[PDB]
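Engineer: Just passing along the structure, written as structure tokens.
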Amino acid sequence: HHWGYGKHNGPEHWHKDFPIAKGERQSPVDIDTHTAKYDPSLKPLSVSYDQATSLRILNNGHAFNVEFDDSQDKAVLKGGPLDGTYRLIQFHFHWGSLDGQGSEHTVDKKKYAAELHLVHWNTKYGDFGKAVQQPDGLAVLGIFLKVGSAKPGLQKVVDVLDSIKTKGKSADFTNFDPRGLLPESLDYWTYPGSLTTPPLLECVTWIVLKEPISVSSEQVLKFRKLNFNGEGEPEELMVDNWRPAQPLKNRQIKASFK
Ligand SMILES: Clc1ccc(OCc2nn[n-]n2)cc1Cl
Ligand SMILES: [Zn+2]
């Protein structure tokens, strides 16, 4: 499969290999803040990352990815709309060529510079590959990035990117604390959706924080120096690796806050 983000292989083409692209619960979506309703039934959100064990950072040709040890319940997400325990496996970002675009979710049609996704899987399914085959298999926590002041808890990530410039490169990435990437507030929107790249599986409970984090222009500029290509191939800058908003169809987006 040779999907990507270019003109010839980008999101508008994906449905030919992955017909679920035109399904009933595709992601991302636009979050209309005036239609989302506060839901007093949502339990408090519990982000438990004290014992998180980061391993490695990988450029996979689509994004860069920070992987965690998920062989035990070390870093988990619980509460909110979720039943049971979801284990952190990895995080990654989507970003733009310019500061005015890059996020996948939008808020009243506003695009942010980037979007962070912390990916967790439902431990009742035993492994990640089983979980993605279930409608409640994954919980993705999404965090918008706006350009402003630097985010000190991002700089360890930015500083390692020149060591994984091209597809297939990886580096050791131990002792990284993903709590440094969270905003002050865990107020969120939630809805049922999908992965935002092939295979586009409809397996995700989306939890999107309302409060963006601020990163500096210099930090996001370094994201944009990565490459979609492998070493020794013509350079194609890793920018605009985001899927645009998909039809909401017969879904409601719920707010955790009044
Ligand atoms: Cl492990 C993993 C890595 C990246 C990825 O990128 C697409 C995406 N982002 N949010 N949902 N889908 C999806 C997964 Cl599951
Ligand atoms: Zn993502």
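We name chains A, B, ... following the order of the structure tokens; residues begin at 1 in each chain, and ligands are numbered from 1 as shown.
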Residues contacting ligand 1 - anything with an atom at most 7 Å away, using only C-alpha atoms and all ligand atoms - can you give me those as a ChimeraX atom specification?

Structural biologist: /A:89-90,92,117,119,140,194-197

Engineer: May I ask you to write as an mmCIF file with C-alpha atoms, in the first residue's frame all residues lying at most 10 Å from ligand 2, with only C-alpha atoms and all ligand atoms counted?

Structural biologist:
data_model
loop_
_atom_site.group_PDB
_atom_site.id
_atom_site.type_symbol
_atom_site.label_atom_id
_atom_site.label_comp_id
_atom_site.auth_asym_id
_atom_site.auth_seq_id
_atom_site.Cartn_x
_atom_site.Cartn_y
_atom_site.Cartn_z
ATOM 1 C CA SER A 27 -11.956 10.828 11.944
ATOM 2 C CA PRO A 28 -11.006 13.588 12.340
ATOM 3 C CA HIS A 62 4.301 9.179 8.158
ATOM 4 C CA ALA A 63 5.200 10.900 11.428
ATOM 5 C CA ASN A 65 6.569 8.190 17.050
ATOM 6 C CA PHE A 91 2.462 9.126 20.900
ATOM 7 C CA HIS A 92 2.943 11.056 17.648
ATOM 8 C CA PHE A 93 2.053 14.375 16.063
ATOM 9 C CA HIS A 94 0.488 15.704 12.842
ATOM 10 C CA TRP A 95 1.645 19.134 11.631
ATOM 11 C CA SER A 103 -4.162 19.778 13.099
ATOM 12 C CA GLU A 104 -6.561 17.013 12.163
ATOM 13 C CA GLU A 115 -1.970 17.959 16.961
ATOM 14 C CA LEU A 116 -0.540 15.521 19.446
ATOM 15 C CA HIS A 117 -2.055 12.047 19.738
ATOM 16 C CA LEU A 118 -1.410 9.814 22.723
ATOM 17 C CA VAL A 119 -2.598 6.336 21.665
ATOM 18 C CA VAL A 140 -6.676 8.551 21.535
ATOM 19 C CA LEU A 141 -6.046 11.684 23.624
ATOM 20 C CA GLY A 142 -5.638 14.624 21.295
ATOM 21 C CA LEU A 195 -7.833 5.969 13.007
ATOM 22 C CA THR A 196 -6.879 8.949 10.811
ATOM 23 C CA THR A 197 -4.514 7.013 8.527
ATOM 24 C CA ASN A 241 0.743 14.932 7.428
ATOM 25 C CA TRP A 242 -2.830 15.523 8.514
ATOM 26 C CA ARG A 243 -6.172 14.181 7.241
#

Engineer: According to DSSP computed on the backbone, where in stretch 26-191 of chain A is there alpha helix (DSSP H)? Give the residues as JSON, numbers by chain.

Structural biologist: {"A": [128, 129, 130, 131, 155, 156, 157, 158, 159, 160]}

Engineer: With N, CA, C and O atoms retained, could you export that selection as a short mmCIF file (atom, residue, chain, number, x, y, z; two decimals), in the first residue's frame?

Structural biologist:
data_model
loop_
_atom_site.label_atom_id
_atom_site.label_comp_id
_atom_site.auth_asym_id
_atom_site.auth_seq_id
_atom_site.Cartn_x
_atom_site.Cartn_y
_atom_site.Cartn_z
N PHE A 128 -2.69 -4.88 21.26
CA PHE A 128 -3.08 -3.80 20.35
C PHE A 128 -3.73 -4.27 19.07
O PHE A 128 -4.72 -3.71 18.59
N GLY A 129 -3.15 -5.30 18.44
CA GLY A 129 -3.71 -5.78 17.22
C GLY A 129 -5.12 -6.35 17.31
O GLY A 129 -5.90 -6.19 16.37
N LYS A 130 -5.47 -6.93 18.47
CA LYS A 130 -6.86 -7.32 18.71
C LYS A 130 -7.77 -6.13 18.98
O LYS A 130 -8.89 -6.09 18.54
N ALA A 131 -7.21 -5.17 19.72
CA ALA A 131 -8.00 -4.00 20.12
C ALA A 131 -8.46 -3.22 18.93
O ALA A 131 -9.59 -2.74 18.90
N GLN A 155 11.00 20.01 24.38
CA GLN A 155 12.29 20.25 23.77
C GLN A 155 13.14 19.00 23.69
O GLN A 155 13.87 18.86 22.74
N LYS A 156 13.04 18.04 24.64
CA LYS A 156 13.78 16.78 24.47
C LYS A 156 13.44 16.02 23.15
O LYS A 156 14.29 15.37 22.51
N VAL A 157 12.15 16.12 22.79
CA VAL A 157 11.69 15.54 21.50
C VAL A 157 12.32 16.30 20.35
O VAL A 157 12.91 15.69 19.45
N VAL A 158 12.13 17.60 20.30
CA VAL A 158 12.68 18.43 19.19
C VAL A 158 14.16 18.19 19.03
O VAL A 158 14.70 18.10 17.93
N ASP A 159 14.86 18.07 20.14
CA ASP A 159 16.33 17.95 20.07
C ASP A 159 16.84 16.65 19.46
O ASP A 159 17.94 16.67 18.93
N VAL A 160 16.06 15.56 19.51
CA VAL A 160 16.43 14.28 18.95
C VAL A 160 16.04 14.10 17.44
O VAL A 160 16.47 13.15 16.83
#

Engineer: Do a neighbour search on residue A:114 at 12 Å with only C-alpha atoms, toss out local chain neighbours closer than 6 positions, and write the hits as a CSV table (one decimal) with C-alpha atoms, in the first residue's frame.

Structural biologist:
chain,number,residue,atom,x,y,z
A,63,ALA,CA,5.2,10.9,11.4
A,92,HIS,CA,2.9,11.1,17.6
A,93,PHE,CA,2.1,14.4,16.1
A,94,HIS,CA,0.5,15.7,12.8
A,95,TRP,CA,1.6,19.1,11.6
A,96,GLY,CA,1.6,21.7,8.9
A,97,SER,CA,3.8,23.5,6.4
A,98,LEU,CA,2.7,26.8,7.9
A,99,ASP,CA,1.5,27.8,11.4
A,100,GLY,CA,-2.1,28.1,10.3
A,101,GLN,CA,-2.6,24.5,9.5
A,102,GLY,CA,-1.6,21.1,10.7
A,103,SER,CA,-4.2,19.8,13.1
A,104,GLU,CA,-6.6,17.0,12.2
A,105,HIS,CA,-9.5,18.0,14.4
A,106,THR,CA,-10.7,21.6,14.0
A,142,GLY,CA,-5.6,14.6,21.3
A,143,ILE,CA,-4.0,17.9,22.2
A,144,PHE,CA,-3.8,20.9,20.0
A,145,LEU,CA,-0.5,22.9,19.5
A,146,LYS,CA,-0.6,26.7,18.9
A,147,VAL,CA,2.5,28.7,18.1
A,212,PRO,CA,-4.1,23.8,23.4
A,213,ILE,CA,-0.5,23.8,24.4
A,214,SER,CA,1.8,26.5,23.2
A,215,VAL,CA,5.0,25.6,21.4
A,216,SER,CA,7.5,28.0,19.8
A,217,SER,CA,7.9,28.7,16.1
A,219,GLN,CA,10.1,24.0,17.9
A,220,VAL,CA,7.5,23.4,15.1
A,221,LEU,CA,10.1,24.5,12.5
A,223,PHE,CA,9.2,19.1,13.0
A,224,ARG,CA,9.2,20.4,9.4
A,239,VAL,CA,4.9,18.5,6.4
A,240,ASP,CA,1.1,18.5,6.1
A,241,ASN,CA,0.7,14.9,7.4
A,242,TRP,CA,-2.8,15.5,8.5
A,243,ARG,CA,-6.2,14.2,7.2

Engineer: Taking into account only C-alpha atoms, which residue in the set A:254, A:1, A:165, A:43 is nearest to residue A:206?

Structural biologist: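 Checking each of A:254, A:1, A:165, A:43 against residue A:206, counting only C-alpha atoms, the winner is A:254.
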
Engineer: So which residues touch stretch 171-175 of chain A within 6 Å, counting only C-alpha atoms, skipping near sequence neighbours fewer than 6 positions away, as a ChimeraX atom specification?

Structural biologist: /A:54-57

Engineer: DSSP on the backbone, strand (DSSP E) only: what residues of stretch 184-252 of chain A does that give? Format it as a list in words.

Structural biologist: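 Result set for stretch 184-252 of chain A (strand (DSSP E)): residues 188, 189, 190, 191, 192, 193, 204, 205, 206, 207, 208, 209, 213, 214 and 215 of chain A.
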
Engineer: Let me see the file: selected residues, N, CA, C and O atoms, as a PDB file, in the first residue's frame.

Structural biologist:
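Wrote it out as again.pdb, contents follow:
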ATOM      1  N   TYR A 188     -12.479  18.410  28.004  1.00  0.00           N
ATOM      2  CA  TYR A 188     -12.391  17.710  26.728  1.00  0.00           C
ATOM      3  C   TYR A 188     -13.713  17.578  26.012  1.00  0.00           C
ATOM      4  O   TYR A 188     -14.812  17.730  26.659  1.00  0.00           O
ATOM      5  N   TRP A 189     -13.600  17.310  24.712  1.00  0.00           N
ATOM      6  CA  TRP A 189     -14.703  16.844  23.896  1.00  0.00           C
ATOM      7  C   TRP A 189     -14.483  15.388  23.602  1.00  0.00           C
ATOM      8  O   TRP A 189     -13.332  14.949  23.483  1.00  0.00           O
ATOM      9  N   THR A 190     -15.551  14.631  23.441  1.00  0.00           N
ATOM     10  CA  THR A 190     -15.402  13.193  23.079  1.00  0.00           C
ATOM     11  C   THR A 190     -16.440  12.764  22.062  1.00  0.00           C
ATOM     12  O   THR A 190     -17.575  13.237  22.071  1.00  0.00           O
ATOM     13  N   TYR A 191     -16.051  11.825  21.209  1.00  0.00           N
ATOM     14  CA  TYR A 191     -16.949  11.286  20.188  1.00  0.00           C
ATOM     15  C   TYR A 191     -16.370   9.945  19.710  1.00  0.00           C
ATOM     16  O   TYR A 191     -15.152   9.723  19.803  1.00  0.00           O
ATOM     17  N   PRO A 192     -17.208   9.056  19.138  1.00  0.00           N
ATOM     18  CA  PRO A 192     -16.698   7.831  18.538  1.00  0.00           C
ATOM     19  C   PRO A 192     -16.185   8.012  17.093  1.00  0.00           C
ATOM     20  O   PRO A 192     -16.893   8.604  16.268  1.00  0.00           O
ATOM     21  N   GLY A 193     -14.993   7.545  16.823  1.00  0.00           N
ATOM     22  CA  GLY A 193     -14.403   7.699  15.491  1.00  0.00           C
ATOM     23  C   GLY A 193     -13.445   6.636  15.146  1.00  0.00           C
ATOM     24  O   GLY A 193     -13.646   5.433  15.438  1.00  0.00           O
ATOM     25  N   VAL A 204     -11.893   3.836  17.639  1.00  0.00           N
ATOM     26  CA  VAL A 204     -11.322   4.831  18.539  1.00  0.00           C
ATOM     27  C   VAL A 204     -12.416   5.586  19.285  1.00  0.00           C
ATOM     28  O   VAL A 204     -13.348   6.145  18.650  1.00  0.00           O
ATOM     29  N   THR A 205     -12.270   5.723  20.633  1.00  0.00           N
ATOM     30  CA  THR A 205     -12.931   6.742  21.399  1.00  0.00           C
ATOM     31  C   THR A 205     -11.986   7.926  21.406  1.00  0.00           C
ATOM     32  O   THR A 205     -10.892   7.839  22.002  1.00  0.00           O
ATOM     33  N   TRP A 206     -12.431   9.014  20.795  1.00  0.00           N
ATOM     34  CA  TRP A 206     -11.647  10.239  20.740  1.00  0.00           C
ATOM     35  C   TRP A 206     -11.891  11.102  21.955  1.00  0.00           C
ATOM     36  O   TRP A 206     -13.065  11.278  22.342  1.00  0.00           O
ATOM     37  N   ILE A 207     -10.789  11.602  22.583  1.00  0.00           N
ATOM     38  CA  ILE A 207     -10.868  12.482  23.721  1.00  0.00           C
ATOM     39  C   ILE A 207      -9.971  13.665  23.326  1.00  0.00           C
ATOM     40  O   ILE A 207      -8.766  13.476  23.282  1.00  0.00           O
ATOM     41  N   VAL A 208     -10.558  14.819  22.965  1.00  0.00           N
ATOM     42  CA  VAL A 208      -9.799  15.982  22.471  1.00  0.00           C
ATOM     43  C   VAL A 208      -9.818  17.091  23.473  1.00  0.00           C
ATOM     44  O   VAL A 208     -10.924  17.560  23.840  1.00  0.00           O
ATOM     45  N   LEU A 209      -8.630  17.479  23.987  1.00  0.00           N
ATOM     46  CA  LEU A 209      -8.624  18.507  25.017  1.00  0.00           C
ATOM     47  C   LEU A 209      -8.951  19.867  24.446  1.00  0.00           C
ATOM     48  O   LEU A 209      -8.551  20.232  23.345  1.00  0.00           O
ATOM     49  N   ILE A 213      -1.793  23.393  23.902  1.00  0.00           N
ATOM     50  CA  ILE A 213      -0.506  23.784  24.449  1.00  0.00           C
ATOM     51  C   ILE A 213       0.194  24.721  23.475  1.00  0.00           C
ATOM     52  O   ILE A 213      -0.065  24.687  22.263  1.00  0.00           O
ATOM     53  N   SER A 214       1.022  25.582  24.012  1.00  0.00           N
ATOM     54  CA  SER A 214       1.827  26.529  23.181  1.00  0.00           C
ATOM     55  C   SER A 214       3.185  25.951  22.988  1.00  0.00           C
ATOM     56  O   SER A 214       3.803  25.500  23.970  1.00  0.00           O
ATOM     57  N   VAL A 215       3.672  25.999  21.739  1.00  0.00           N
ATOM     58  CA  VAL A 215       5.010  25.624  21.377  1.00  0.00           C
ATOM     59  C   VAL A 215       5.638  26.793  20.657  1.00  0.00           C
ATOM     60  O   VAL A 215       4.932  27.600  20.107  1.00  0.00           O
TER      61      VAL A 215
END

Engineer: Quick one: of A:123, A:186, A:225, A:30, who's nearest to residue A:163, counting only C-alpha atoms?

Structural biologist: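 Checking each of A:123, A:186, A:225, A:30 against residue A:163, counting only C-alpha atoms, the winner is A:225.
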
Engineer: Report, in Å with one decimal, the straight-line distance from atom CA of residue A:246 to atom CA of residue A:110.

Structural biologist: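 Straight-line distance from atom CA of residue A:246 to atom CA of residue A:110 works out to 14.4 Å.
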
Engineer: Return the single residue from A:72, A:252, A:229, A:51 that is closest to residue A:34, with distances computed using only C-alpha atoms.

Structural biologist: A:252

Engineer: Leaving out residue A:257 and any residue of its chain fewer than 2 positions from it, which residues lie within 9 Å of it when counting only C-alpha atoms, given as JSON, numbers by chain?

Structural biologist: {"A": [37, 38, 39, 40, 187, 188, 189, 255]}

Engineer: When you draw a straight line from atom CA of residue A:253 to atom CA of residue A:29, how long is it in Å?

Structural biologist: 9.7 Å

Engineer: Which residues come within 10 Å of residue A:132, counting only C-alpha atoms, excluding same-chain residues fewer than 2 positions away, as a ChimeraX atom specification?

Structural biologist: /A:121-122,125,127-130,134-138,194-195,199-204

Engineer: Residues at most 7 Å from residue A:226, counting only C-alpha atoms, excluding those fewer than 5 positions away in the same chain, as a list in words?

Structural biologist: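 Listing them by chain and then by number gives residues 165, 166, 237 and 238 of chain A.
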
Engineer: Using Å and a single decimal, report how far atom CA of residue A:230 sits from atom CA of residue A:164.

Structural biologist: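 Atom CA of residue A:230 lies at a distance of 10.3 Å from atom CA of residue A:164.
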
Engineer: So, with only C-alpha atoms as the atoms that count, which of A:24, A:69, A:162, A:177 lies closest to residue A:50?

Structural biologist: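 Among the listed residues, A:177 lies closest to residue A:50.
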